[PDB]
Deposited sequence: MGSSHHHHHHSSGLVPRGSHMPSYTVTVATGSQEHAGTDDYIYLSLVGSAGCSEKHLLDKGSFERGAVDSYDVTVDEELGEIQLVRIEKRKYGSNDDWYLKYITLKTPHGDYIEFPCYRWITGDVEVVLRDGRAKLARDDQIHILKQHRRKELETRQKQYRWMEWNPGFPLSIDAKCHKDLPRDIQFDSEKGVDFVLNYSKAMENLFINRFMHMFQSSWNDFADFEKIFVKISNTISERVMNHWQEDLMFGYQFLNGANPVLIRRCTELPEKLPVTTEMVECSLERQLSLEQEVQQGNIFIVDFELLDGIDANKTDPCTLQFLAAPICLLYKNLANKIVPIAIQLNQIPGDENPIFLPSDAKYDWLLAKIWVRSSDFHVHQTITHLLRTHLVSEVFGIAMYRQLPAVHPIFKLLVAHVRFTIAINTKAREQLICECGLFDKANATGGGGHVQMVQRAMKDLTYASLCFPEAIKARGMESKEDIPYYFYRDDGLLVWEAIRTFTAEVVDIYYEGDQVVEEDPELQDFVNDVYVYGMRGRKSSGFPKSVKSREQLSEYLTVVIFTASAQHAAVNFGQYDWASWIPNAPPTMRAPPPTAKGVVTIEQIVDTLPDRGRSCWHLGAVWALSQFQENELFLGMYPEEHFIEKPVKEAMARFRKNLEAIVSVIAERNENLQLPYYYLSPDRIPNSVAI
């Protein structure tokens, strides 16, 4: 499939995408240290999918060391876009030089490629390179611009529809759901989803009963099993609470449930109380598992309903999609392609801007009110996975044994943390070098000022001044964009296919009295078939891995070409293979297996 044309040996790899090929004319210059060359027009034909064509380009004069490669596409009828993977040169001196690309080339403008080796701003002293760096950012900084889609939202790409985006970022039943069908009425299943379900990030250990939940030991006598009072079971750390105060005030109904939970003698977490709204009172009853059958159950259906909106809106859309797009745009604006941090993150922002852009145009009022309020909650510390687990009081595995999200997550986290630390070391000699990287700082500073609206209380670094800190910053970007998204996105069908376990909408208001609810008003309180059909299709489509799916650590596009960083990639891959094995054996001795955070099921980016 490799076509050779017959003094420089110019190899041109074309992309394997559906439209990757082109038929226009392709002119290719070389820019050495001793002077540029002439524009050699590739002789004939068209470059089609999966192609690798090599040309022998003779030059009149010695060019010295090669610094840049120029590409220019002149039309042959309607402009057929062309995806260039990479360009390699075999110079007459015997040198081999790889020029990575991975960019669509419309032919509107020239494309100048640097050497494959990653360079910082400080590594470039000759004018030839400095000017290219500076004109690359200038073209970045006007193609990828910021724009506030909704008030108080994180700023996003300045583009209304998909095809407005630059061409380089444009897009080209179950084992668990069955079990949720035969058990969703069990307090065990209900509580289990708070740890190993689609949205396992809300539960927190309780250290004192809220005053807005006037629950007494007598009401939960029958649920407690340690012969202790509710007040004392809280001290021992056996009470857990899930509070939806984020929904209080949102504008065919909503609720603000407070759900109290208990770690029984089986070290399982089951529900023992449910108050569907925030302000207690006699028309806001505290439902109990000892209440009438259809009361305690409709009480749990509302908690499911609420957990599903917070999941999709906040846990899913805001804290993964919108957050990755932020890092994504910042990366394009401030980091030239030759920058080591670019080469690393460019694979974890792949398609995020395009997938989001698609969601915004197709989607289109109460769910905008949740983001604004979530927005004040979003903090850099809340995205560092270890701390985020610890802030919620769920760190102890001896006290909280069955928390697979936390267990697998902490593994994947420190696997990525190890990678970035290594890669950071291969390119930054000392902390001084980090603090002085002018483009790295402009990257951090865009995330903080435009992404996070410059909100001082978000905890995002205004600047990065150490290798430790840069490694943490990078791990937060790669982790949130891959593992964290994989855990909250790929469960939407396993846990939300069966409607009574994740009602997208509720047709009736929450019950205000006990002994009234009947199976009939539960059925008609649940969503319509038309709403259910759309919901079923949406959750199934968003839980499907594409056939070209690139999983964590798959870097088929070689932006990195040096051995030190490839080796660090090798270790990263092997280290992920160890976590896949461990997660495999654990899920062997499990009732119903948790696998969303297995690295061979963790996409590279937020793509769906």
Notebook entry, point to check: What residue ranges of the deposited sequence are absent from the coordinates?
Noted result: 1-2, 9-22, 189-232, 312-320, 434-447
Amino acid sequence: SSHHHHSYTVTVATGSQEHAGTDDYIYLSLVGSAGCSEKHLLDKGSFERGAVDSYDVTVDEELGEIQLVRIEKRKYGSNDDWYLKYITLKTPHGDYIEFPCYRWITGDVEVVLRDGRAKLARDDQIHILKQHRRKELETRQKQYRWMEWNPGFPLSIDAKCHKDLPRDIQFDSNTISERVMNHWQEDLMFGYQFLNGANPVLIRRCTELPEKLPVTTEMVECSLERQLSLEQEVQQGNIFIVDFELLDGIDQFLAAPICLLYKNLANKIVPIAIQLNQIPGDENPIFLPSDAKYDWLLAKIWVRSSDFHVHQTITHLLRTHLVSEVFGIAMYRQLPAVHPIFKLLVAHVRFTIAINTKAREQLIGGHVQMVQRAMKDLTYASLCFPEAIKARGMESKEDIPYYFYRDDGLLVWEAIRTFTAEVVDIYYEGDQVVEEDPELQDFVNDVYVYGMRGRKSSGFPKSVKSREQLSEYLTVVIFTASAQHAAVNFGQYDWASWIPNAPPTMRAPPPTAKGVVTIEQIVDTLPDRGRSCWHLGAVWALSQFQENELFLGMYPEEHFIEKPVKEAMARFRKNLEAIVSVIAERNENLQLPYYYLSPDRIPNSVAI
From here on, numbers count along this sequence of modelled residues.
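What we label the rigid core is the largest C-alpha set whose atoms superpose within 1.5 Å from one form to the other.
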Note to self: Which of the two stretches, 255-263 versus 74-82, has its Cα atoms farther on average from this form in 5 other deposited structures of this protein when everything is superposed by the rigid core?
What the structure shows: 74-82
Checklist line | 23-31 or 553-561, whichever carries the higher mean Cα B-factor | finding: 23-31
Next item on the list: Look over 40-48 and 572-580 in the entry and identify the one with the greater average Cα temperature factor.
Entry: 40-48
Margin query: Sorting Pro280, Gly77, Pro200, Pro386 by Cα temperature factor from the record, which one lands on top?
Written below: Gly77
Notebook entry, point to check: Highest Cα B-factor in the deposition, which of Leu213, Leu344, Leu526, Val323?
Noted result: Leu526
Checklist line | Lowest, middle or highest third - CA B-factor, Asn604 | finding: middle
Next item on the list: Using the B-factor values recorded in the entry, state whether the Cα atom of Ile364 falls in the lowest, middle or highest third among the modelled residues of its chain.
Entry: highest
Check: In terms of the CA temperature factor given in the entry, to which third of its chain does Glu186 belong: lowest, middle or highest?
Finding: middle
Check: Is the Cα B-factor recorded for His309 in the lowest, middle or highest third of its chain?
Finding: lowest
Notebook entry, point to check: Compared with the other modelled residues in the chain, in which third is the CA B-factor of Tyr450?
Noted result: lowest
